[PDB]
Amino acid sequence: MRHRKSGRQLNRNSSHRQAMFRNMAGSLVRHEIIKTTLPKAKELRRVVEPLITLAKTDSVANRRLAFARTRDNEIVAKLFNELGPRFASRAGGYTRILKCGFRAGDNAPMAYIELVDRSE
Amino acid sequence: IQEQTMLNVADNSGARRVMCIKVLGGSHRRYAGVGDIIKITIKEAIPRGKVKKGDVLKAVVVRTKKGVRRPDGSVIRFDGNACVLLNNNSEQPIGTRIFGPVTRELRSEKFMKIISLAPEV
Amino acid sequence: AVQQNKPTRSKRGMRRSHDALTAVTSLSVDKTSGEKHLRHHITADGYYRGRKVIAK
RNA sequence: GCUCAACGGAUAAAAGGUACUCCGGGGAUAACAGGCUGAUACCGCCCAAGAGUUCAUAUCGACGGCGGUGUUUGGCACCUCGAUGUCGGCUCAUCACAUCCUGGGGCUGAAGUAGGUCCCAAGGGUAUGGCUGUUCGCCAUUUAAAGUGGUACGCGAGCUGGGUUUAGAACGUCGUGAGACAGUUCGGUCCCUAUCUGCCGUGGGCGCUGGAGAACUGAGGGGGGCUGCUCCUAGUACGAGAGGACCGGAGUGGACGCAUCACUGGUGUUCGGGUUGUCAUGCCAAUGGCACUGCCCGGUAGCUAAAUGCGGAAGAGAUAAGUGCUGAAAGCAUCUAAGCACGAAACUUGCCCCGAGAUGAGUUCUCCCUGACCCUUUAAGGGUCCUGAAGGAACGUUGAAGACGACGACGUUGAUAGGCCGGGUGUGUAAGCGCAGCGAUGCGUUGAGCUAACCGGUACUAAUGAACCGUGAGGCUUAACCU
RNA sequence: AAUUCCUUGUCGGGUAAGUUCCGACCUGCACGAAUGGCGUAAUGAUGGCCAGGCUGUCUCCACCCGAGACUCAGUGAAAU
RNA sequence: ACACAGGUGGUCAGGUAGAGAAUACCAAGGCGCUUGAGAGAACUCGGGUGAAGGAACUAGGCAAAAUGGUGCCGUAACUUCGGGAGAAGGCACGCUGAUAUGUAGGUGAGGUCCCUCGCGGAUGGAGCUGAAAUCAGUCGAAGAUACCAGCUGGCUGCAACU
RNA sequence: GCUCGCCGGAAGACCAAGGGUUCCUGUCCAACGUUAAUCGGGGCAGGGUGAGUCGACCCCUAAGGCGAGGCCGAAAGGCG
RNA sequence: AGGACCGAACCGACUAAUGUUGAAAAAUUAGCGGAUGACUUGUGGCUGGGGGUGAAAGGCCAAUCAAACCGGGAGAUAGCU
């Protein structure tokens, strides 16, 4: 059974889950608000928010870890230069989820996941 | 230990590799390996040993890879499975000298002679 | 595997008794724009609770 | 003029194989199963010649007799030939008692130990292997015992196909030959998405008489009922010795069932590290992809067993075979007829689970609703406006609950999830820099750096105020009580 | 014996236990010399047996990872 | 019968590792296979890993597990002298540096000389490429590190064999 | 458009067979596409296939076919 | 040199599992055999039904074979359903 277990399989293997969460976190850092299904947003909190908690401290090894995750140097640069000072006083909850309407192609519960102090 | 288990022999008179044909004691006892007595065939024997190949006689397990559990939770695991050969009717040690470690679990009745002869308890 | 006798339209209706849709029964009304929305959902013009959360 | 002798004579004239088969029919007719029967088979009882030192019945029972079961070989051809799959094994069972063990007894040619035989008793239990396709059987070693039968010789819309039981091939035998064998050998396709009953789980509606939230009573129903060995009694009783108690106690096991993860481990593709080959991030360095998680080495939570705790009882009622007391019929006598007391793992309770849909719908505690009007075919009703109560339901964050419903926790009067801070754990001294070294590499910083599902804290993020359902004092008859 | 009904014949051997196997004996129901008789190195997706390694075949199952199965949206059969 | 997991002759053939047209990762180039979204029961399919035992399973080691490469030792009963034979059993494999600023070997610009004086020969002898071995160091539990890649031996029947 | 994954002695590129307009452009989404479709190999129009050197045709044969006369056969016809 | 050895393409089909209203009117996934030859494949052609062809199985002759398919006799016959 699934007792005291965390993580959502999302009907894909572990390599695909890690690849989707890397691409998804890069998209969230770049755009700062994205539309994704609600379970994927709930699992996205657990990959985007550790990167910002890393990015509160700026060092060479920390830049290398936030490169090893998500493998995108522009996302590393945004995480360390633009965000970080954006979220330094904030103690968690950098990402906020707003449930939105159902997808037309298939009835999926959808949501908007956004960084909290987005300007617009 | 189980049936179809090969064991080394601690004692001298018992010779080399032995196989457990039956787990004595119990109606459907599957696995017995601490102080239990098992019926034994001799699968391979050296001629200096008194017993010979194809001979059935009892034995007592003295070393088990599964290992005993002590009351505090300690697990003494001995590498290799070992037996001390015993007569069928008497259940007394054929071998004059026991070799290798033995456990304090074999302290009851005829196994007192085994822990007396064996060096490390 | 197969049926031995043909089920009745009565049995079809008794089986389909629980295939009846559930209405929403409550549609929340937002404060800053009185348009109705699903509760805990955006207003389809872009508001959650009193604030314009999404521009689109 | 006919052994047209198949003698009411098919023609003057005619043998076989088919497993390579095909067609029309039949349960008119065999094979499986069921059904009638029970000769046979099994079990029981009757007489008792006798064997038993003598003594028919301790135990066997001659010649004969009478039944019971459906239980083996059969008899019949009632059912299905517009299809009821064949032995065996695997998985899962369930019943009878003609009881293998354990329980209670009687006789004994029962000193004890151990036996034989018969009666009562179905609660539980009732092996693993060598051989062979095997049920069997024989054998090895267990065990308290390794029961006998029914259940389509239980069970192929559950599994298998070793066997008979197709098509290829060979051997032995038969036949001229095709081929055949109540012989052998090798090989040889096992379909089904569950409508109904049935079970196993889990829910919606309504009822239970105003509506709610909880706690229950227990009518019933289910589970569980096994047993070994060592010691004390006690080397006592018993015994010529040898040996040796089948009362009453205590410990420790085998098997089984339940729960749990503190230990011992297992897994741990979501943690850490090593490393082969290649590709990429410009490059060195550091990383990421891919190759079963690339291959490994360890591993947290969770689940788990091989790990650990516990339980099958004691007791009470009524009993069965049996054993009696008093006691007449029948002055004695007698367990029974009037009475009375014992007596088993069986029965009813006792232990554990469900359980008032227990329509016989029960009880207790608490909560909440006490406003008008109109019409009327008035035990009764319909409608309008105002009012919506306790509470439920929905929605959201979710769970050591879960297929989905359901159940439980929380919703800003907040620790419900994620995040964040600290710790624990696990891996094993990260990156970078410096030093040594020709270099691989080593040393320092450094038990460092990462670290999950864990523990303790923290409103940073999402749990919005509503809205919905539910109403407005609850029928009619009759009794203690008061007008 | 690809053949022997009785038959699981009998001796030696291999296992605790061997209706299988090997060497045989000869009492060949019912072998026999081109319907070939008997041996034979190599070869065989051939038949039978033994052993070592190896292991979830098994004792006795356990965890994890994916595709179904369950729930929601769209399309939407079958035999009977 | 289908926008069907099947069938369909020939041509071309990059890098690295590699014997290779195996295999792995990628060039050029083309694709994600025309239903998705959740949860993370039983059960089914395809896998990974398992304490102790290890064939007790079973009609039968069916299936899984296992062995696997090169170099070098070695290696039988019988034989039809070929065999059997990768028999069986095993050892060394990584990286660095030195031998040797890269050796053995290959390929060959200049210079010089000779000649049919030019697509000529000769010590032609700079660069380029370069395997294997020995010694010493060094890392990990493990160097065929992945994919790839044999299980082995004995007795018998039949058929000589492909 | 940016990432990710897959093939890469192909799932890449080209000839042959075979198909026959499926190629390109515009418009549409009734039916087909196992879903939605703005998309399509779907509907509807309009375009597009340019050779002395590439194939065919052609010149020449193979296996073979037909085969004047001819031999044979009841007729059809067989052979050459 | 080898109807030699290991092994891809290629040819075949030994075991297992899945599928068996399939993806498929014999396929898929792991293993398997042969792989310089009694090999394999393309293009034509030839052999026609009581006939062909067969390293032989009642095998094959268009998903059809103990005598193909199509039309005719033909409304064969059917003491059978």
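Descriptive notes on the structure:
- Centre separation in Å (Cα based) which lies between segment B:23-48 and segment A:58-120: 66
- Temperature 20 °C, viscosity 1.002 mPa s: under these conditions the Stokes-Einstein estimate for the protein assembly as shown, based on its Kirkwood radius over C-alpha pairs, is 79 µm² per second.
- Phi angles of segment B:98-111 translate, via the Karplus equation with coefficients 6.51, -1.76, 1.60 and θ = phi - 60°, into HN-Hα couplings of 8, 10, x, x, 10, 9, 5, 5, 8, 10, 9, 6, 6, 7 Hz per residue; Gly and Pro are given as x.
- Positive-pole candidate from C:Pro7, B:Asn89, A:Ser14, dipole of the protein assembly as shown, charges at beta carbon: C:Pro7
- Model label zone, B:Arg97; criterion: amide N under 18 Å from point 7 Å along Cα-to-beta-carbon; scope segment B:1-44: B:9-16
- Converting phi to 3J(HN,Hα) with the Karplus coefficients 6.51, -1.76 and 1.60 and the offset θ = phi - 60°, segment C:17-32 yields 4, 8, 8, 10, 6, 9, 6, 6, 6, 6, 10, 6, 10, 7, 6, 7 Hz in sequence order, with x at every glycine or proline.
- Structure-based [θ]222 nm, chain C - -39500 (n - 2.57) summed over DSSP H runs of at least 4, per residue, nearest 500: -3000 deg cm²/dmol
- Each principal axis of the Cα atoms in chain A has its own extent, and those three values, largest first, are 42, 35, 26 angstrom.
- When the chymotrypsin sites (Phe, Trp or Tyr not before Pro) in segment A:9-97 are filtered for DSSP coil states and for at most 13 other beta-carbon atoms within 10 Å of their beta-carbon, no site remains.
- Cut-off under 5 Å, modelled amide H: who pairs with B:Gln2 long-range: B:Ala32
- Taking amide H as placed 1.01 Å from N in the peptide plane, B:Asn12 has its amide H under 5 Å from the amide H of B:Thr96, B:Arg97, each at least 5 places away in sequence or on another chain.
- Relative contact order (percent, whole number), chain C, Cα cutoff 8 Å, 6+ residue spacing: 19
- Total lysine pairs in chain C at Cα distances under 21 Å, for residues eight or more apart or on different chains: 4.
- Karplus 3J(HN,Hα) series, Hz, for segment A:26-32 with 6.51 cos²θ - 1.76 cosθ + 1.60 (x for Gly, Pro): x, 5, 5, 5, 6, 8, 6
Positions of Cβ are generated from backbone atoms using ideal geometry, with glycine treated the same way; all protein chains shown enter the neighbour counts. Each reported figure results from applying straightforward, stated rules to the coordinates on display, with no laboratory input.
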